[PDB]
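>>> Using only what follows, build the 3D model:
(8 chains, ligands or ions: 9)
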Amino acid sequence: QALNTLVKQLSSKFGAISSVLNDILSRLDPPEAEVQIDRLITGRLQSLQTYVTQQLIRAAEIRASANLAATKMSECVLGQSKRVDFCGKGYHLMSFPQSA
Amino acid sequence: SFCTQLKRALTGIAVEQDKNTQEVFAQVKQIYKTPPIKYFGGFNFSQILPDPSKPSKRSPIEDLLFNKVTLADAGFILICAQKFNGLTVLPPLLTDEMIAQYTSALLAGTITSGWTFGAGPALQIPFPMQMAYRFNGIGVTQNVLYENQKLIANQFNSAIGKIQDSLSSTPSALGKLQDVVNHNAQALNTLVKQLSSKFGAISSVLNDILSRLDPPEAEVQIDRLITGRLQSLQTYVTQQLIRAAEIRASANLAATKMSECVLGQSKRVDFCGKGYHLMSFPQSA
Amino acid sequence: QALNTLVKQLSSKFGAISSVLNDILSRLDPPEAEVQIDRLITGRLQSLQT
Amino acid sequence: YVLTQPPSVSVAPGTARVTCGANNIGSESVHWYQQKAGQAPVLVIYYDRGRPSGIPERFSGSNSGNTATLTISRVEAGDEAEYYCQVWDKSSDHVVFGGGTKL
Amino acid sequence: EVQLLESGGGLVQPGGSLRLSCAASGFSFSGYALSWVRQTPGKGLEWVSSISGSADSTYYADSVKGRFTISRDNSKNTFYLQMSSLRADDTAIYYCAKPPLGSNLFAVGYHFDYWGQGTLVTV
Amino acid sequence: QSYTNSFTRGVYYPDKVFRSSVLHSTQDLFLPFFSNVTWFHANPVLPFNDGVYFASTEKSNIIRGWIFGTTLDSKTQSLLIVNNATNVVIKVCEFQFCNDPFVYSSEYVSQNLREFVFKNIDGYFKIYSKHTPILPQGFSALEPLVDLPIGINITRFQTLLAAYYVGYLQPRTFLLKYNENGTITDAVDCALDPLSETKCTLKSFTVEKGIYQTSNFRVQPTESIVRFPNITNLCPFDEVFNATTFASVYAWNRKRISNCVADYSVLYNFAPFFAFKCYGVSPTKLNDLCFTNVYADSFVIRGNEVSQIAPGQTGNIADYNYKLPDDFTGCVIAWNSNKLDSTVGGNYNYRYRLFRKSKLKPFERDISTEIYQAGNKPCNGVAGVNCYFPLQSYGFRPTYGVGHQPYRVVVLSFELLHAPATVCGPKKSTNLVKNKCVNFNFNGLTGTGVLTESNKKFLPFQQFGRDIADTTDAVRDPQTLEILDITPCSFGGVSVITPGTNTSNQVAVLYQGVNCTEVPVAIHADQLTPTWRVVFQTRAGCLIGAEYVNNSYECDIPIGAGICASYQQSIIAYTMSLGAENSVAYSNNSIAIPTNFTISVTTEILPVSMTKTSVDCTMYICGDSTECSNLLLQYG
Amino acid sequence: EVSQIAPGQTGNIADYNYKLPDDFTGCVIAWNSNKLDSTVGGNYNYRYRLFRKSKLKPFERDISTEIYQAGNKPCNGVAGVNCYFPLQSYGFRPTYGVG
Amino acid sequence: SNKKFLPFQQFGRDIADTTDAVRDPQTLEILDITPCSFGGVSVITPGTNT
Ligand SMILES: *[C@@H]1O[C@H](CO[C@@H]2O[C@@H](C)[C@@H](O)[C@@H](O)[C@@H]2O)[C@@H](O[C@@H]2O[C@H](CO)[C@@H](O[C@@H]3O[C@H](CO)[C@@H](O)[C@H](O)[C@@H]3O)[C@H](O)[C@H]2NC(C)=O)[C@H](O)[C@H]1NC(C)=O
Ligand SMILES: *[C@@H]1O[C@H](CO)[C@@H](O[C@@H]2O[C@H](CO)[C@@H](O)[C@H](O)[C@H]2NC(C)=O)[C@H](O)[C@H]1NC(C)=O
Ligand SMILES: *[C@@H]1O[C@H](CO)[C@@H](O[C@@H]2O[C@H](CO)[C@@H](O)[C@H](O)[C@H]2NC(C)=O)[C@H](O)[C@H]1NC(C)=O
Ligand SMILES: *[C@@H]1O[C@H](CO)[C@@H](O)[C@H](O)[C@H]1NC(C)=O
Ligand SMILES: *[C@@H]1O[C@H](CO)[C@@H](O)[C@H](O)[C@H]1NC(C)=O
Ligand SMILES: *[C@@H]1O[C@H](CO)[C@@H](O)[C@H](O)[C@H]1NC(C)=O
Ligand SMILES: *[C@@H]1O[C@H](CO)[C@@H](O)[C@H](O)[C@H]1NC(C)=O
Ligand SMILES: *[C@@H]1O[C@H](CO)[C@@H](O)[C@H](O)[C@H]1NC(C)=O
Ligand SMILES: *[C@@H]1O[C@H](CO)[C@@H](O)[C@H](O)[C@H]1NC(C)=O
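Numbering: from 1, shown residues only, chains lettered A, B, ... in the order given. Ligands and ions are numbered 1, 2, ... in the order given. Dropping the coordinates below:
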């Protein structure tokens, strides 16, 4: 969905006459074309900035989840855990990993 | 779709809040009840057990904690300015009454069954025997407890009273929750205040621009204002996402502590107190 | 590296005639200077935000 | 435009309610006048809830949906009079008065 | 204080003519759109006519259209209702009504804040 | 004449663009879904409000064409479409039509269910058509048939001969679905009902179970009010523009204008200036605004100095004669006055200051004629070497060029609304409507909201109050001088609760943070948005369409504040149950020891990694554009 | 009035004679024609609409010559008080200014 | 192009609102437009010190 939104953001005008750079370059002289292209560049750079920020936040969450998964692999698969509810509901006997 | 993304992120944060609350508090599927006779071998539990006299059915400690933290907005039916400008607060899915009921169920389970109800069916057990059990877990024989049961009960009651007094008298004891509430309120107030900025336009009011300028120049000024306000919303949403990640980490830690210190006895050092962990009692905030 | 990138971002024009505020103030009248300075301010504020 | 009012209303002294009914009356400004026996009408409510200075706080107004309500809380002996609702028909430029309610 | 005084009411034969005069004081006469409102004894109020402050527009009810004519003299702070071909149903108490400031225009928010003593007209 | 339901008929391709396997939304004149369509059986003329949808079902060649126009008479142009067995003729003429044609007694020329759509917009008459063998409940799109560039004014129309269906298009937002063939196979009317609004918001034709925030309801204004100071005098702008002679720029003449009604549109008649030059305001909107005071500064300069009358300018005129502030708000009007201010031999009456010790502050005048000391030797009040007279004469001559010809300049300085306004436009005031959501205009301050009597203790010099967001929340009426609070009209977010389109089409509507008695019950689409209309009260708001029950179940769809919704034939709302009731049999000497055990295997799923994404800026931002790449290189 | 031939403009020419859309795409070419359209004594062949009930939509033409009712009294098709002819003549003269 | 363009249609647009199919103004046949061959390039080095 993030990739699809990033693609869809290319259809936005961001206040320019058109969302297509070729249309601006063919309809306007280099000064006005530069103005419109600057507006489009600002919009698309903002879109990329937002995508990268959300990707960084999601990557931090995924890294926390992966650290938890590594801890569970070390403490429930490689050994027997006395911690309550860490490796199941009842008293932990063992654990088996499966790739996803 | 910038605003679609902003709304999606805010909805995700709102859902994650209820998810965190459910993870922390909804740990048991049975609403256990304390026996009518409030005797547990001399161990007083009145300061942590729910009070039937209060309409909220909250314990004195929970009532004091509720009074100690003031909420800027509970989400029920500066705040007027936030509402008029499109900023609203959604109420949490679980009410304070339901969280208090979950806490009381956990208290009843850990008092009447020890750690058994956390690993399966609740098995009744006398409380002094359970405390002897926890003495065994920290490496102390049962006789040490059974020959000093009255002293242990008196020390526990005195410690509970001291905890209540300290929470009642400390000027800043609930600082974390108050800081969270203040951060949210300050973020909303800053978002409201950002509407007074011109962002290089002739005026910060759209009506003034529309009444003073023709549609082309009005469009230019409105584009500048829109860029400024969109940047403000972007910054607010990013900071809210970061704060939500921090709160989710804190809630995961709280759920782990509820599982390992309340539903059982933890051998981990400093995880559930300073000394050798005997038990833990949750209280809603 | 973050600090060095923040420093290096001051050399960008961000669509303005120059990356130096003094050059804009000395080459342009206050209206056009305000336009160019607004562009520079937007660019540098975005850099600080990032 | 036609304004509909009950012919009369009765209530115990010391909660009187008068209703003015019309189609889409919620979008129209309704004004309430009080007229005693042999006396000129006196404006008691304007703009559906506006109370002029000197009028007792017993009188209150509302206007919603398809009805406008004039409420007199703790009705006294001197409050017994004829109450009229009045609007200004936009479609015809006519000042339309209510039927009249006596209590 | 604002003061309105009616005069001219009396007895008239059916199908005849009559003129009512209302004198005003205490407010800027040229800026208010004044009204004539009649009430039949035992019945409810009924708006009769209205005239604007500049006397450039007159408004009449459908029941009295053509029969009645409203006019005003701003130099004299008075305004008149000249009726002709009076029917038997025209017997009523007539009041000259003034709107408050802020609602002095014959428009959506038009209403009355002061009422005159009124004059009885019998046909 | 009968009435019937249009079902999901009335759909055409809104552009010439090929689209496939896509969900595209748009806004156009569309026939509403399930619309009150009039079924005529065959003769007054029918109207043409925002287009027409026409449908025919007759097996015989009975309906021959159509007539469009406004009055169907030779005073105006009328458009006639006729068909026969081999050709179709379109014509535009001032026909004198008969009142029951079947055609006329006396430009443009163009050569099973049957649906047509006629639109008249942008100077184009677009006809879309479709033929579908067997109104049917099926879905079919109308392909464009013809586009007439006639640009004719159309308000009424009639058929030309026998039953036919007529519907009227409305401005609607539609979500169309394009299949692999590129043919519109399904559509959603975004304003039909809450479910369709949810579908449009989610950009999908299928909705999963849950609660979705679609939009926000907002009460629309009922009236428009205008409040202006009671001013009848006309501003004496003729005394400024039509002056016989103008002052010198060194002694520019200032005229105060207040307590009058200003009609700037007549200014063009006073002087033959080509155009205005306004800063911070447009000449178009000057008649719609109020000002505390107006200042008319009149002088005469050279043509090449006209550019110096502007904010931020320097030079002789700007530095030493007439300076405008950087934040100047007003207009500058300069026109050539060669025929009036130039004489043969030189007009030396007009002078400008050439030397001064310091630059003038904005709106400062210097009429001193003291000798300027250019050097260090004092002049002692005597002109000579390094001591010149500060004023230099223009010496205008008719033979000079346009840059040297005299120009008369009038600068209008406007004071924005901070004090009571004294200069206003020709706008007429209305009554002060209170306690209703209206559009208000107070001395040019335009807004929408409810005006109520204010208890705020305004000081006599204060005219309006501002809130935290720097927006006007209280205002003083310019005529009654009373304080009014401005409150935004009733509004609030709306959530749609659905069990999923795969289960049922029934939905519930939650007005968030809104008292159940405050839910709008407007019967007109113009008084409330959205146009669709649909009872329990929760701390989360007002829930409509769900039946509250006393039973407790697990939370299916979280409404909030302990309230959840579920589908059980109908949507029900309830208080979620925390869990099963239990009670441990505690005792002084009782224990429970397990006699069995169960080996339980549970599953825990933990994400480890996400998708690794690489983005190339040059392609995304520019995409093989050298100019865009060069411009992007400036962003660091 | 040349400035009135532009998107977003109001005024007599824009409101009642010739209106351009806000999203107008095209060009406007205006040149002085004093030597061709001005005569001594006044060229009264060129007229513009001065009064109209409502503002024109973009690319709309109104050639009606009916009497405009400024006030509330009907004109009955006769020009007089508060009832003026909708078209006013320019009366161009060579001695006029560039505006 | 194999796209079934309707007679009134002259070009087709993709998700990014860019022209991906066009009708030739003279031959009236439909043509698909595909961006020219491209792709990212990575450089693997053991280090300049080696
Ligand atoms: C709006 O104001 C006009 C003009 O009034 C003038 O300007 C105001 C801003 C104030 O400064 C006024 O004091 C000032 O006169 C009002 O119309 C005018 O009303 C006054 C009554 O207050 C009339 O004066 C009277 O005129 C007659 C002659 O006909 C004398 O007999 C009286 O002695 C007295 O001077 C005046 O004629 C009248 N002018 C016009 C053109 O109608 C107007 O009433 C006011 N509107 C409201 C709603 O108050
Ligand atoms: C357990 O503790 C509570 C309070 O901490 C005791 O209740 C107190 O009882 C005394 C004497 O009966 C009263 O004077 C106090 O006011 C009570 N305090 C409160 C807060 O209600 C209770 O007695 C203790 N339990 C036992 C079994 O002794
Ligand atoms: C303890 O529980 C187990 C359940 O796993 C019991 O085993 C079942 O016993 C019943 C009755 O004999 C059999 O019908 C089932 O087939 C057994 N299940 C399995 C999986 O073997 C066991 O009998 C119980 N033991 C005691 C002492 O109560
Ligand atoms: C359609 O419109 C007619 C005419 O206003 C009305 O009588 C009828 O109730 C409407 N609805 C239906 C479903 O026919
Ligand atoms: C159809 O109309 C056209 C145009 O008037 C005419 O030329 C043609 O002969 C007609 N055909 C028939 C079959 O009537
Ligand atoms: C698309 O067109 C093909 C013809 O090549 C046809 O067979 C197919 O059924 C069409 N798809 C749909 C969904 O109708
Ligand atoms: C200026 O005033 C003179 C008389 O003083 C008058 O004839 C002339 O028409 C006025 N100018 C304009 C443009 O109306
Ligand atoms: C809604 O309004 C009623 C009366 O106006 C009030 O009693 C009730 O408390 C309000 N609802 C809520 C949830 O407060
Ligand atoms: C348990 O002990 C307490 C204190 O000795 C006493 O109150 C209670 O009655 C005893 N018995 C039971 C069955 O609870």
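>>> Is chain A within reach of the lengthiest helix in chain F?
Across chain F, the longest stretch assigned as helix under DSSP state H is helix F:194-202. No: no part of helix F:194-202 sits close enough to chain A to count as contact by CB under 8 Å from any CB of the partner chain; the gap is at least 11.8 Å. Yep, even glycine has a C-beta here, placed from its N, CA and C like the rest.
>>> and the next element down the chain from that helix?
Proceeding N to C from helix F:194-202, the next assigned helix or strand is strand F:210-219, under DSSP states H and E.
>>> Look up the closest residue to residue F:443, ignoring the ones flanking it.
Nearest-residue entry for residue F:443: residue F:290, 4.1 Å, with adjacent residues in sequence omitted and distances by CB to CB, 6 or more residues apart in numbering or on different chains.
>>> Please apply the same query to residue F:137.
With sequence-adjacent residues excluded and distances taken as CB to CB, 6+ apart, residue F:137 is closest to residue F:7, at 5.2 Å.
>>> and if you look at residue F:281?
Residue F:281 sits nearest to residue B:212 (CB to CB, 6+ apart), 5.0 Å away.
>>> so who does the most centrally placed residue in chain E touch?
With distances taken as CA atoms, centre = their mean, residue E:36 lies nearest the centre of chain E, 2.1 Å away. By CB atoms under 8 Å, 6 or more residues apart in numbering or on different chains, residue E:36 lies in contact with E:20, E:22, E:47, E:48, E:49, E:50, E:70, E:81, E:94, E:95, E:96, E:97.
>>> can we see that at 6 Å?
The contact partners of residue E:36, taken as CB atoms under 6 Å, 6 or more residues apart in numbering or on different chains, are E:48, E:49, E:81, E:96.
>>> can you check residue F:524 too?
With contact set as CB under 6 Å, 6+ apart, residue F:524 has no partners.
>>> ok, back up a step: the longest helix of chain F packs against which elements?
Contacts defined by 3 or more CB pairs under 6 Å, 6 or more residues apart in numbering or on different chains; DSSP states H and E place helix F:194-202 against strand F:184-189, strand F:210-219.
>>> got the angle between it and strand F:184-189?
Angle, helix F:194-202 to strand F:184-189, by axes from the mean of the first three to the mean of the last three CA atoms, to 10 degrees: 110 degrees.
>>> about what we covered before: now for the residue nearest to residue F:137, how many residues are close by?
15 (other CB atoms under 10 Å in any protein chain shown).
>>> Residue F:139 is in contact with that one, correct?
No: applying CB atoms under 6 Å, one finds residue F:7 not in contact with residue F:139, separated by 8.8 Å.
>>> Find the centremost residue of chain A, please.
residue A:55 (2.7 Å).
>>> Sketch out the strands for chain E, chain order is fine.
For chain E, the strands defined by DSSP state E cover E:3-7, E:17-25, E:34-39, E:45-51, E:58-60, E:68-73, E:78-84, E:92-98, E:114-115, E:119-121.
>>> for these, which one sits closest to ligand 2?
With CB to the nearest ligand atom as the measure, strand E:114-115 is the member of the strands of chain E nearest ligand 2 (67.0 Å).
>>> Which elements pack onto the closest one?
strand E:92-98.
>>> Other residues contacting the strand it packs on?
So strand E:92-98 is in contact with E:4, E:6, E:20, E:22, E:32, E:34-40, E:112, E:114-116, E:118-121, going by CB under 6 Å, 6+ apart.
>>> which non-adjacent residue is nearest the residue of chain F found nearest ligand 6?
Ligand 6 sits closest to residue F:181 of chain F, with a gap of 3.8 Å, by CB to the nearest ligand atom. Using CB to CB, 6+ apart and skipping the chain neighbours, the partner closest in space to residue F:181 is residue H:4 (5.7 Å).
>>> quick one: which of the strands of chain E is nearest residue D:69?
strand E:45-51 (19.5 Å; CB to CB).
>>> got the angle between the closest one and strand E:68-73?
50 degrees.
>>> what angle sits between strand E:45-51 and strand E:78-84?
Using the same axes, to 10 degrees: strand E:45-51 against strand E:78-84 is 110 degrees.
>>> Export strand E:45-51 to CSV, keeping only CA atoms.
What follows is strand E:45-51, C-alpha atoms only, in CSV (Å, rounded to 0.1, in the frame of the first residue of the first chain):
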residue,chain,number,x,y,z
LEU,E,45,-53.1,39.4,14.9
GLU,E,46,-52.9,40.0,11.2
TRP,E,47,-50.2,42.1,9.4
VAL,E,48,-51.7,44.7,7.1
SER,E,49,-49.0,46.7,5.4
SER,E,50,-45.3,47.8,5.5
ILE,E,51,-43.3,50.7,4.2
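>>> quick one: it near chain F?
No: if you take CB under 6 Å from any CB of the partner chain as the test, strand E:45-51 misses chain F, and the best it gets is 13.4 Å.
>>> so does that strand get close to chain D?
Yes: interface with chain D: strand E:45-51 contributes E:45, E:47 (CB under 6 Å from any CB).
>>> contacts for that strand?
Residues outside strand E:45-51 that contact it (CB under 6 Å, 6+ apart) are D:84, D:95, D:97, E:33-39, E:58-61, E:64, E:68, E:70, E:72, E:106.
>>> where's it relative to the chain centroid, distance-wise?
6 Å (CA atoms, centre = their mean, to the nearest Å).
>>> That strand: partners in the sheet, and parallel or antiparallel?
strand E:34-39 (antiparallel), strand E:58-60 (antiparallel) (DSSP bridges).
>>> Now the residue in chain A positioned nearest to chain C. Its backbone dihedrals?
Closest residue of chain A to chain C, CB to the nearest CB: residue A:38 (4.9 Å). Per-residue torsions, residue A:38: phi -60, psi -40 (degrees, to the nearest 10).
>>> Touching, it and residue C:14? I think so.
No: with contacts counted by CB under 6 Å, residue A:38 stays clear of residue C:14, the gap being 9.0 Å.
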